[PDB]
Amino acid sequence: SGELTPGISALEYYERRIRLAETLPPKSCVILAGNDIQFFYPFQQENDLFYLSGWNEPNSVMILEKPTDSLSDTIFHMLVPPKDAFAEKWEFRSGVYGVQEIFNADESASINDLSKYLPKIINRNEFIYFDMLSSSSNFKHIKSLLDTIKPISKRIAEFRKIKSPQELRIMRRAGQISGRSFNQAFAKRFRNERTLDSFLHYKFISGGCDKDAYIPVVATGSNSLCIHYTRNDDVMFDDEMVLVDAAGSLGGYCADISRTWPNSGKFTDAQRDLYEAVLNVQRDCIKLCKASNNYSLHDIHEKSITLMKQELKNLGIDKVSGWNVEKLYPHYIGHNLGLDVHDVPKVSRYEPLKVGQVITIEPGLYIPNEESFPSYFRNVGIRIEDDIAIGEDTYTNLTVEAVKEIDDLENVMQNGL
């Protein structure tokens, strides 16, 4: 109650628009074209528009106008599909009076009026904040009208990368729901990737999430070497481990979890040695996620490379010809996380992490089927991923519920919950 979207009140959405208007010159207008229905897939709103309004309907356009240097003169425009009894019955729209009473649009009109509504705002402003390079139908519309125009998405990204305390909590909720789902999967046996896939999906939704945050990875055995494996339909065998990358989303905010565990419910000595190597690197990289350390995301990645090389050296598999650490650990340490899984990709990887940012820490080892490696290591892929909120002098593991220590994993797998 009092919320506009799950976890976020209408007051925070208003304060986000105020913060953006605090960076805009007089006589400016920000134009954001929402997404359309993709024929029909579950609707994904343009996240910059959703971040500033909470509006989750297709075929919509948002305009934030700053006529003077005063923050109280700002006008929040919303052009939406019209409140239509016949259209709503076949296709429930909030209408033009709901978008003002619920979503707090100072001014609104039907999306049909776009060609007669937008130019009057454009003509009375000097700076037009619109990304001429995205696509939506209103985007192709709005762009043709514009044939000073300034980009806006990256400026919004600098705000989105710093999560508010309310954003951190709803992401904590998504991570906790997703994490407890993994624990329930640990306690059960699965003979096929699709059964484990559909199980976690049901636990995400029934646990309280709206949808999957992303297309899940359920890769058993040698399938774990395929970094982008999504088929999730292979038989699972007793001797191998399964790599699962899956998480739920809540109110538009994404969690992101990777766990690897043996299908038999018990680690072999070989599986233990490889798993602890990845867990050692992940634990040490998570400990760096304090803003007082002034590390950038790239700093942590390069430290993850150094840490992984030492783990390979401890395992004696660090000097295989043609298989340096960048071929056994061939991806980045992580990424910002928020309304998008790979959130705010335009912010700098090289600037120090700040309080409120949420990044993943997901190192991995993927040993090829080469005779130059020990046979008990070949075709074994491991990734361990958690969502870390950056704090002043500490951090918050948003997905800490999902166990990952070997003793914790084997306790759940063999004794249940």
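Note that residue numbering begins at 1 and tracks the sequence as displayed.
Coordinates are lacking for 1 to 3 deposited residues between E91 and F92. Look at the mean CA B-factor for 95-103 and for 226-234 in the entry; the higher one is 95-103. The PDB entry records a higher mean C-alpha B factor for 313-321 than for its counterpart among 340-348 and 313-321. In the PDB entry, the Cα temperature factor peaks, among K120, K290, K211, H301, at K120. Between the residues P165, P82, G252, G207, it is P82 that shows the highest Cα B-factor in the PDB record. When all modelled residues of the chain are sorted by CA temperature factor, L307 is found within the middle third. Among all modelled residues in this chain, the alpha-carbon of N183 has a temperature factor (C-alpha) in the lowest third. Remark: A270 belongs to the middle third of its chain, ranked by C-alpha B-factor as recorded. Sort the chain's modelled residues by C-alpha temperature factor and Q176 lands in the lowest third, per the entry. Ranked by Cα temperature factor within the chain, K116 sits in the highest third according to the deposited record.
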